[PDB]
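Here is the file model.tsv (TSV, C-alpha atoms and all ligand atoms).
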chain	number	residue	atom	x	y	z
W	1	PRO	CA	93.99	99.91	75.87
W	2	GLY	CA	92.38	102.41	78.23
W	3	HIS	CA	88.94	101.81	76.75
W	4	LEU	CA	89.26	98.06	77.34
W	5	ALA	CA	90.88	98.41	80.76
W	6	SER	CA	87.71	99.91	82.24
W	7	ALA	CA	85.76	97.23	80.37
W	8	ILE	CA	87.61	94.39	82.10
W	9	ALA	CA	87.16	96.23	85.41
W	10	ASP	CA	83.38	96.10	84.95
W	11	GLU	CA	83.60	92.37	84.25
W	12	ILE	CA	85.88	91.77	87.25
W	13	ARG	CA	83.42	93.33	89.70
W	14	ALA	CA	80.72	91.14	88.18
W	15	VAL	CA	82.59	87.94	89.05
W	16	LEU	CA	83.95	89.41	92.30
W	17	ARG	CA	80.47	90.76	93.17
W	18	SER	CA	81.75	94.16	94.33
W	19	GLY	CA	81.44	97.82	93.43
W	20	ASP	CA	84.85	99.27	94.34
W	21	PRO	CA	87.21	100.79	91.76
W	22	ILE	CA	90.17	98.56	90.94
W	23	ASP	CA	93.75	99.75	90.64
W	24	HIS	CA	94.97	98.59	87.24
W	25	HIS	CA	98.38	97.38	88.51
W	26	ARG	CA	97.17	95.38	91.52
W	27	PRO	CA	97.27	91.60	90.91
W	28	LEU	CA	93.77	90.15	90.88
W	29	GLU	CA	94.73	87.32	93.27
W	30	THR	CA	95.13	89.96	95.99
W	31	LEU	CA	91.49	90.92	95.35
W	32	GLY	CA	90.29	87.36	96.01
W	33	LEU	CA	90.15	86.08	92.42
W	34	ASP	CA	90.81	82.33	92.31
W	35	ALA	CA	91.06	79.70	89.58
W	36	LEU	CA	87.30	79.22	89.19
W	37	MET	CA	86.62	82.96	89.10
W	38	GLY	CA	89.39	83.38	86.53
W	39	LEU	CA	87.64	80.85	84.30
W	40	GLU	CA	84.37	82.74	84.79
W	41	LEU	CA	86.03	86.04	83.86
W	42	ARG	CA	87.69	84.46	80.81
W	43	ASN	CA	84.34	83.26	79.45
W	44	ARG	CA	82.77	86.69	80.00
W	45	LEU	CA	85.59	88.38	78.07
W	46	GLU	CA	85.25	85.83	75.27
W	47	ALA	CA	81.56	86.77	75.07
W	48	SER	CA	81.94	90.54	75.43
W	49	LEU	CA	84.86	90.74	72.97
W	50	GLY	CA	83.83	87.93	70.61
W	51	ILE	CA	87.35	86.48	70.47
W	52	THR	CA	88.83	83.16	71.56
W	53	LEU	CA	91.07	83.83	74.57
W	54	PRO	CA	93.10	81.03	76.21
W	55	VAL	CA	92.77	80.54	79.95
W	56	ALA	CA	96.53	80.68	80.59
W	57	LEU	CA	96.58	84.41	79.79
W	58	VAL	CA	94.51	85.47	82.83
W	59	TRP	CA	97.47	84.63	85.09
W	60	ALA	CA	100.23	85.42	82.60
W	61	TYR	CA	98.82	88.97	82.77
W	62	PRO	CA	97.61	89.19	86.38
W	63	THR	CA	96.65	92.89	86.35
W	64	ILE	CA	93.93	94.78	84.51
W	65	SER	CA	96.51	96.75	82.52
W	66	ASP	CA	98.60	93.64	81.83
W	67	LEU	CA	95.44	91.93	80.59
W	68	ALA	CA	94.07	94.90	78.63
W	69	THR	CA	97.20	95.57	76.57
W	70	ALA	CA	97.67	91.86	75.91
W	71	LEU	CA	94.07	91.72	74.63
W	72	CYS	CA	94.32	94.53	72.04
W	73	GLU	CA	97.26	92.73	70.44
W	74	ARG	CA	94.75	89.87	70.06
W	75	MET	CA	92.53	92.16	67.96
R	1	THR	CA	90.27	59.56	110.94
R	2	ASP	CA	87.38	61.82	109.90
R	3	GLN	CA	89.72	64.33	108.22
R	4	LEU	CA	89.26	64.85	104.49
R	5	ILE	CA	92.90	64.95	103.36
R	6	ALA	CA	94.04	62.19	105.72
R	7	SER	CA	91.39	59.92	104.16
R	8	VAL	CA	92.66	60.10	100.55
R	9	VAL	CA	96.44	60.18	101.01
R	10	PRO	CA	98.69	57.57	102.69
R	11	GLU	CA	99.56	58.02	106.36
R	12	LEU	CA	103.18	58.50	105.24
R	13	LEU	CA	102.18	62.07	104.25
R	14	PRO	CA	101.16	64.14	107.30
R	15	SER	CA	98.30	66.55	106.68
R	16	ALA	CA	96.43	69.26	108.57
R	17	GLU	CA	93.17	71.06	107.86
R	18	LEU	CA	90.93	73.75	109.34
R	19	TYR	CA	87.37	74.75	108.47
R	20	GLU	CA	87.44	78.26	109.99
R	21	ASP	CA	90.00	81.00	110.63
R	22	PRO	CA	90.95	80.74	114.32
R	23	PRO	CA	91.47	84.12	116.00
R	24	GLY	CA	95.05	85.25	116.50
R	25	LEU	CA	96.82	83.65	113.54
R	26	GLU	CA	99.47	85.71	111.76
R	27	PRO	CA	101.96	85.25	108.91
R	28	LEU	CA	105.69	85.02	109.33
R	29	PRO	CA	107.57	88.26	108.55
R	30	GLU	CA	108.99	86.86	105.30
R	31	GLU	CA	105.41	86.03	104.24
R	32	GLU	CA	103.73	89.36	105.07
R	33	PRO	CA	104.80	91.24	101.87
R	34	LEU	CA	103.06	88.46	99.92
R	35	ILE	CA	99.69	89.53	101.37
R	36	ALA	CA	100.54	93.11	102.36
R	37	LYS	CA	97.98	94.50	99.87
R	38	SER	CA	95.42	91.67	99.70
R	39	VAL	CA	91.85	91.91	100.99
R	40	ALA	CA	90.65	90.31	104.22
R	41	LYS	CA	89.45	87.02	102.73
R	42	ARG	CA	92.68	86.44	100.78
R	43	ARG	CA	94.70	87.29	103.89
R	44	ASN	CA	92.82	84.90	106.18
R	45	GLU	CA	92.94	81.91	103.83
R	46	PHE	CA	96.64	82.58	103.19
R	47	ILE	CA	97.57	82.66	106.89
R	48	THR	CA	95.37	79.74	107.96
R	49	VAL	CA	96.53	77.32	105.26
R	50	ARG	CA	100.20	78.03	106.05
R	51	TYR	CA	99.51	77.30	109.72
R	52	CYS	CA	98.22	73.88	108.68
R	53	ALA	CA	101.26	73.37	106.45
R	54	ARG	CA	103.76	74.20	109.20
R	55	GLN	CA	101.92	71.89	111.60
R	56	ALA	CA	102.14	69.08	109.04
R	57	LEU	CA	105.79	70.00	108.42
R	58	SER	CA	106.79	69.57	112.08
R	59	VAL	CA	105.49	65.99	111.96
R	60	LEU	CA	108.29	65.43	109.42
R	61	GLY	CA	110.72	67.18	111.79
R	62	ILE	CA	110.80	70.43	109.78
R	63	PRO	CA	110.86	73.45	112.14
R	64	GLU	CA	108.94	76.70	111.63
R	65	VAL	CA	109.78	77.91	108.12
R	66	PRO	CA	108.16	80.46	105.79
R	67	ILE	CA	106.35	79.12	102.73
R	68	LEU	CA	106.76	81.52	99.80
R	69	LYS	CA	105.48	81.34	96.22
R	70	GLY	CA	107.42	80.69	93.03
R	71	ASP	CA	107.14	82.11	89.54
R	72	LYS	CA	103.74	80.52	88.80
R	73	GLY	CA	102.49	80.82	92.38
R	74	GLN	CA	103.52	77.31	93.40
R	75	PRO	CA	104.49	76.81	97.06
R	76	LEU	CA	108.25	76.77	97.62
R	77	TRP	CA	108.88	73.82	99.94
R	78	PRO	CA	112.05	73.15	101.95
R	79	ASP	CA	114.64	71.00	100.22
R	80	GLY	CA	113.53	67.37	100.20
R	81	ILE	CA	109.91	68.15	101.09
R	82	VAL	CA	107.07	68.01	98.56
R	83	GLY	CA	103.63	69.33	99.41
R	84	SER	CA	100.33	70.87	98.36
R	85	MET	CA	97.86	73.37	99.81
R	86	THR	CA	94.26	74.23	99.01
R	87	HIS	CA	91.67	76.66	100.34
R	88	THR	CA	87.99	77.26	99.57
R	89	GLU	CA	85.11	78.61	101.63
R	90	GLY	CA	84.95	76.50	104.77
R	91	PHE	CA	88.24	74.67	104.22
R	92	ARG	CA	91.99	75.18	104.47
R	93	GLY	CA	94.18	72.14	103.92
R	94	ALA	CA	97.81	71.17	103.47
R	95	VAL	CA	99.78	67.94	103.02
R	96	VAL	CA	103.55	67.42	102.90
R	97	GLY	CA	105.90	64.52	102.24
R	98	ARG	CA	109.55	63.67	101.78
R	99	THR	CA	110.70	63.13	98.21
R	100	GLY	CA	112.57	60.04	99.39
R	101	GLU	CA	109.16	58.35	99.54
R	102	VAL	CA	106.90	60.31	97.15
R	103	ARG	CA	107.93	62.50	94.22
R	104	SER	CA	104.91	64.83	94.19
R	105	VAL	CA	101.47	65.46	95.68
R	106	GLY	CA	98.53	67.69	94.87
R	107	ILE	CA	95.21	68.37	96.62
R	108	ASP	CA	92.22	70.54	95.75
R	109	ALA	CA	89.09	71.55	97.65
R	110	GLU	CA	85.78	72.73	96.19
R	111	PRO	CA	82.26	73.11	97.60
R	112	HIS	CA	80.07	70.17	96.66
R	113	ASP	CA	77.98	72.17	94.19
R	114	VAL	CA	77.29	72.48	90.49
R	115	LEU	CA	79.84	74.51	88.57
R	116	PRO	CA	78.97	78.09	87.57
R	117	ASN	CA	77.34	78.62	84.20
R	118	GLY	CA	79.67	78.09	81.25
R	119	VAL	CA	82.65	76.71	83.18
R	120	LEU	CA	82.08	72.99	82.52
R	121	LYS	CA	82.25	73.53	78.75
R	122	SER	CA	85.67	75.22	78.93
R	123	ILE	CA	87.35	72.63	81.20
R	124	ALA	CA	85.95	69.28	80.00
R	125	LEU	CA	86.74	67.35	76.83
R	126	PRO	CA	83.73	66.25	74.76
R	127	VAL	CA	84.42	62.64	75.80
R	128	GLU	CA	84.44	63.74	79.45
R	129	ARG	CA	81.01	65.40	79.39
R	130	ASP	CA	79.57	62.18	77.96
R	131	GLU	CA	81.23	60.09	80.68
R	132	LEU	CA	79.97	62.44	83.40
R	133	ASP	CA	76.38	61.92	82.22
R	134	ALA	CA	76.74	58.13	82.43
R	135	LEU	CA	77.85	58.31	86.07
R	136	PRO	CA	75.26	57.55	88.78
R	137	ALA	CA	73.14	60.45	89.99
R	138	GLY	CA	73.39	62.14	93.38
R	139	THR	CA	76.87	63.62	92.92
R	140	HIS	CA	77.97	66.86	91.24
R	141	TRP	CA	80.30	65.06	88.84
R	142	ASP	CA	80.94	68.33	86.98
R	143	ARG	CA	82.79	69.99	89.85
R	144	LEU	CA	84.40	66.73	90.97
R	145	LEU	CA	85.80	66.79	87.43
R	146	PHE	CA	87.00	70.39	87.82
R	147	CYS	CA	88.57	69.84	91.24
R	148	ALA	CA	90.28	66.63	90.12
R	149	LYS	CA	91.79	68.55	87.20
R	150	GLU	CA	93.25	71.17	89.53
R	151	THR	CA	94.77	68.28	91.50
R	152	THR	CA	96.19	66.94	88.23
R	153	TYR	CA	97.94	70.26	87.62
R	154	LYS	CA	99.15	70.59	91.22
R	155	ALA	CA	100.97	67.25	90.97
R	156	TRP	CA	102.13	67.88	87.40
R	157	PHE	CA	103.77	71.31	87.74
R	158	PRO	CA	106.32	70.53	90.52
R	159	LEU	CA	107.77	67.67	88.41
R	160	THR	CA	107.70	69.54	85.14
R	161	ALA	CA	107.60	73.35	85.52
R	162	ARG	CA	105.44	73.45	82.38
R	163	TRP	CA	101.84	74.42	81.70
R	164	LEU	CA	99.06	71.83	81.57
R	165	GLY	CA	95.76	72.87	80.05
R	166	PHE	CA	92.34	71.51	80.94
R	167	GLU	CA	92.21	70.01	77.43
R	168	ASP	CA	95.60	68.34	78.05
R	169	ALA	CA	94.32	65.93	80.75
R	170	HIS	CA	91.60	63.28	80.46
R	171	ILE	CA	90.14	62.42	83.87
R	172	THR	CA	88.04	59.28	84.39
R	173	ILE	CA	86.07	59.48	87.64
R	174	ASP	CA	85.14	56.26	89.43
R	175	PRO	CA	82.30	56.36	92.00
R	176	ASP	CA	84.31	54.22	94.46
R	177	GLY	CA	86.42	57.24	95.46
R	178	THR	CA	89.19	56.95	92.85
R	179	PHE	CA	90.02	58.57	89.52
R	180	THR	CA	92.75	58.54	86.88
R	181	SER	CA	94.39	61.42	85.00
R	182	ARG	CA	95.43	60.62	81.42
R	183	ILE	CA	97.87	63.26	80.20
R	184	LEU	CA	97.37	63.94	76.48
R	185	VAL	CA	100.56	65.98	75.94
R	186	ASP	CA	104.16	64.86	76.32
R	187	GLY	CA	104.92	64.53	80.02
R	188	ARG	CA	108.66	65.17	80.21
R	189	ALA	CA	109.75	65.29	83.84
R	190	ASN	CA	112.85	66.97	85.22
R	191	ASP	CA	113.92	63.51	86.41
R	192	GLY	CA	113.80	62.17	82.84
R	193	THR	CA	110.80	59.88	83.34
R	194	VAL	CA	107.72	60.39	81.20
R	195	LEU	CA	104.52	61.16	83.13
R	196	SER	CA	101.52	59.70	81.32
R	197	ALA	CA	98.98	58.65	83.96
R	198	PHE	CA	98.16	59.71	87.52
R	199	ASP	CA	96.23	57.78	90.17
R	200	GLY	CA	93.94	59.89	92.33
R	201	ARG	CA	91.40	59.68	95.14
R	202	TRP	CA	88.42	61.81	96.14
R	203	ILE	CA	85.87	62.19	98.93
R	204	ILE	CA	82.65	64.15	99.44
R	205	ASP	CA	81.86	65.16	103.01
R	206	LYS	CA	80.61	68.20	104.95
R	207	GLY	CA	79.61	69.87	101.70
R	208	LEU	CA	83.18	69.67	100.41
R	209	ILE	CA	84.87	67.89	97.53
R	210	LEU	CA	88.50	66.96	98.12
R	211	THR	CA	90.66	65.37	95.44
R	212	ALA	CA	94.24	64.25	95.96
R	213	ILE	CA	96.97	62.75	93.77
R	214	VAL	CA	100.17	61.14	95.05
R	215	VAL	CA	102.83	59.89	92.65
R	216	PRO	CA	104.84	56.83	93.73
R	217	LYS	CA	108.62	56.39	93.91
R	218	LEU	CA	108.60	53.39	91.54
W	301	LIG	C1	94.81	69.90	84.31
W	301	LIG	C2	94.73	71.38	83.93
W	301	LIG	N1	94.21	72.15	85.04
W	301	LIG	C3	94.86	73.40	85.42
W	301	LIG	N2	95.86	73.78	84.77
W	301	LIG	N3	94.34	74.18	86.53
W	301	LIG	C4	94.93	75.44	86.97
W	301	LIG	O1	95.89	75.90	86.44
W	301	LIG	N4	94.34	76.15	88.09
W	301	LIG	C5	94.88	77.40	88.58
W	301	LIG	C6	94.86	78.58	87.84
W	301	LIG	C7	94.27	78.63	86.43
W	301	LIG	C8	92.84	79.16	86.47
W	301	LIG	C9	95.40	79.74	88.38
W	301	LIG	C10	95.94	79.74	89.65
W	301	LIG	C11	95.95	78.57	90.39
W	301	LIG	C12	95.42	77.41	89.86
W	301	LIG	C13	95.45	76.12	90.69
W	301	LIG	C14	96.86	75.90	91.23
W	302	MN	MN	91.46	78.89	97.07
W	303	MN	MN	91.17	75.08	93.47

Let me see the file written as structure tokens.
Ligand SMILES: CCNC(=N)NC(=O)Nc1c(CC)cccc1CC
Ligand SMILES: [Mn+2]
Ligand SMILES: [Mn+2]
Amino acid sequence: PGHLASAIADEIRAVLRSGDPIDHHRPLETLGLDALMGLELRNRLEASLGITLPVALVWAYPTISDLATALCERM
Amino acid sequence: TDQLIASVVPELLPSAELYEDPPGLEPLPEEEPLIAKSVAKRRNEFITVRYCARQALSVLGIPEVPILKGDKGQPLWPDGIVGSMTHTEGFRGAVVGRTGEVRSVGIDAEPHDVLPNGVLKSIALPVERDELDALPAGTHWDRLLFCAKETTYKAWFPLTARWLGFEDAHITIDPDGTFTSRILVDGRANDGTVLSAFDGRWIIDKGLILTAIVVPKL
């Protein structure tokens, strides 16, 4: 999950348009991520990981670690 | 009334909106831990929209009260009050009502602009993309579709406490400033009624889309 955690962090700064390291337990809403950006991020994970990921998971797992571990169980 | 929200909801529901962050605003103490670790943009939009909500609340007689967030982030309104808040770049809006007159309300704000690449495919049914192409030109129907779907969810959740996916609602946009939301899943309400169709309204002005849905008391 650690290898994917840093992989989502790269994708998050691409939608957030930033270059700061992201704490893995900070909710992404506190970083400015909104509904439209969450849809953007979801489509970029679907592309980078080649798996169908529902949109409701981005907010069910609102941290990088919560998202990363939930994604490896989808492998 | 040249205000966006006040132009698509009945006068029975007081609303308030701001297009900038006025200097000196602050959150109530019970609201600070909600934004104690958020960045500057998230802090400003949080504080400004709750100022508009409390101003609209005092029209209904409600005094200064914190507005916290529930399990799925929904605003926790005082007992008997139903409301909705929205914030995008250049807009912060809020509308409230008494449940003795309306059961729910939702509003959403988006910049009048084409959706980012790849988003329209993941939020629109195949029948919706075909309908959007048949609509008259000169209006970003794609994002009006997205913003109207957020408004569909914002009115749906408070009467349901259940998830509604973008594929679960069929929105038909009319150019005359109205639209309908056809729910494709079972719409069991906490009241016991079934929620199958919503009636909505929209407006484009000052580079902003604003959609709003009010349910009636029946
Ligand atoms: C009709 C179906 N449309 C929706 N379900 N739309 C939302 O859930 N949008 C949303 C999301 C999901 C990206 C997260 C946080 C806040 C919001 C808006 C309140
Ligand atoms: Mn917002
Ligand atoms: Mn929105």

Item to complete: Could you pull out the residues sitting within 7 Å of ligand MN 302 (chain W), using all atoms listed in the file, and write them as a list in words?
Response: residues 34 of chain W; 86, 87 and 88 of chain R

Response to the item:
Computed gap from CA of residue 167 (chain R) to CA of residue 123 (chain R) is 6.7 Å

Practice prompt. Between CA of residue 116 (chain R) and CA of residue 139 (chain R), measure the distance and give it in Å to one decimal.
Written response: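 Computing it gives 15.6 Å between the two atoms.
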
Item to complete: Within 12 Å of region 59-69 of chain W, counting all atoms listed in the file, which residues show up once you throw out same-chain ones fewer than 3 positions away? Write them as a PyMOL selection string, please.
Response: (chain W and resi 1-13+21-31+33-35+37-39+41-42+45+49+53-56+72-75) or (chain R and resi 71-73+163)

Discussion item. Any residue with an atom at most 6 Å from ligand LIG 301 (chain W) counts, using only C-alpha atoms and all ligand atoms. Which are they? Put them as a count of residues only.
Written reply: 12

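The smallest atom-to-atom distance between chain W and any of R:70, R:90, R:22, R:118, using only C-alpha atoms, is found for R:118.
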
To box region 58-65 of chain R, take all atoms listed in the file, fit an axis-aligned box, add 6 Å on each side, and give centre and edge lengths in Å to one decimal, as lines of an AutoDock Vina configuration file.
center_x = 108.2
center_y = 71.7
center_z = 110.1
size_x = 17.4
size_y = 24.5
size_z = 16.0

Practice prompt. May I have the residues within 12 Å of region 53-59 of chain R as a ChimeraX atom specification, using only C-alpha atoms and disregarding those fewer than 3 positions away in the same chain?
Written response: /R:5-6,11-18,27-28,46-50,62-68,75-78,80-87,92-98

Worksheet item: Hey, can you check how far CA of residue 43 (chain R) sits from CA of residue 74 (chain R)?
Response: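 Interatomic distance here is 17.0 Å.
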
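For the choices W:15, W:36, W:57, W:47, the atom-to-atom distance to ligand MN 303 (chain W) is smallest for W:36 when using all atoms listed in the file.
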